[PDB]
């Protein structure tokens, strides 16, 4: 805790919202997506190449300008309001975000840059960068990850260029919103935009994975797009979501200054995509510096297919930790941050297995099961005991929990 936070050369006063941890701080600026030979950098480059090739290959395809070095520090307005996210939306909870204060935060998604880039007059761009979220702990979640945003605008004439009387067709109208379109969009326009969005993503996936992947489109919701979809890839017998997308909400596009255009946007999870593409078992591997892992991604050309050889999996050490939550003062993700700070990448996952209220005291008891497993070696019972004891004491000091164990 403190009164002022210094980050990337700037100073931010603290308030009731401030909840950034020093641990997260050490990762800001690391930019793995810009680190030559890093798997995330690799994905980013192969995605860029795909878009370049399509630009040079099809007259219709616009040139996408790429922004992969935008500061992750943004305003709540950039991250939330510009995207039409309601003031009472659960995605704004202090429990799920790293707020520097009430006005600034570490972006929770690359969509935080849509409005600004649109406002600058760009028709097609990609944003690649580290995003931050407070979440649970397991092999598929990390406080920091990366996304790649894409935005593509269409003018009326351009969208209907391939149709005879196309110029008599329109992008906008004044009807009602349905499951298939916004209230100011015509179905003619939406059908073409949606088709372009899905075809583009399908071609990008074919380029990255080959024409053998099994994908499916799932209808979903986002305040900033409509209709909206999630694309899922069937991997290891399970359908996994790898991206969100949809037709951009017109209110957003209009407020940025492009009131004469209609467009689509998407945001893909790079780690999610990389773990499927290279069969990487644990997200923590992206942050280790073990050459056994990293050396495998140093290719001659980004098109050199890397055959990822999984590292050995070492034994885990499991310990439980129980304590009484402070009298009406505590958050699950708060404990998760403390674990990331003390246990670092030694912890594989934390599971809240039990919770109950004591009648006499009125206090709530929480019991978490902590799985300790190092991605690079075998952990000794000894070093785990010490890390675990430090977690217990810290929990009592910072979280205000009462050691129940």
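Numbering follows the first chain given and starts at 1.
### Message
Averaging CA B factors per stretch from the PDB record, which one is higher: 228-236 or 173-181?
### Response
Per the deposited B-factors, the answer is 173-181.
### Query
Comparing 59-67 with 358-366, where is the mean C-alpha B-factor higher?
If you average the C-alpha B-factors of 59-67 and of 358-366, the larger mean comes out for 358-366.
### Message
By the CA temperature factor listed in this entry, which of these ranks top: 263, 210, 143, 121?
### Response
Highest C-alpha B-factor among the listed options: 210.
### Message
Using the temperature factors of the C-alpha atoms in this entry, rank residue 43 within its chain: lowest, middle or highest third.
### Response
Middle third, going by the recorded CA B-factors of the chain.
### Message
Please place residue 308 in the lowest, middle or highest third of its chain according to the CA B-factor in the PDB entry.
### Response
As the PDB entry reports it, the C-alpha B-factor of residue 308 lands in the highest third of its chain.
### Task
Ordered by C-alpha B-factor within the chain, which third holds residue 94? Give me lowest, middle or highest, please.
CA B-factor rank for residue 94: middle third.
### For residue 163, the third of its chain into which the C-alpha B factor falls
Top third by C-alpha B-factor.
### Task
Could you tell me which third, lowest, middle or highest, the C-alpha B-factor of residue 298 occupies within its chain?
Answer is highest: the recorded C-alpha B-factor places it there.
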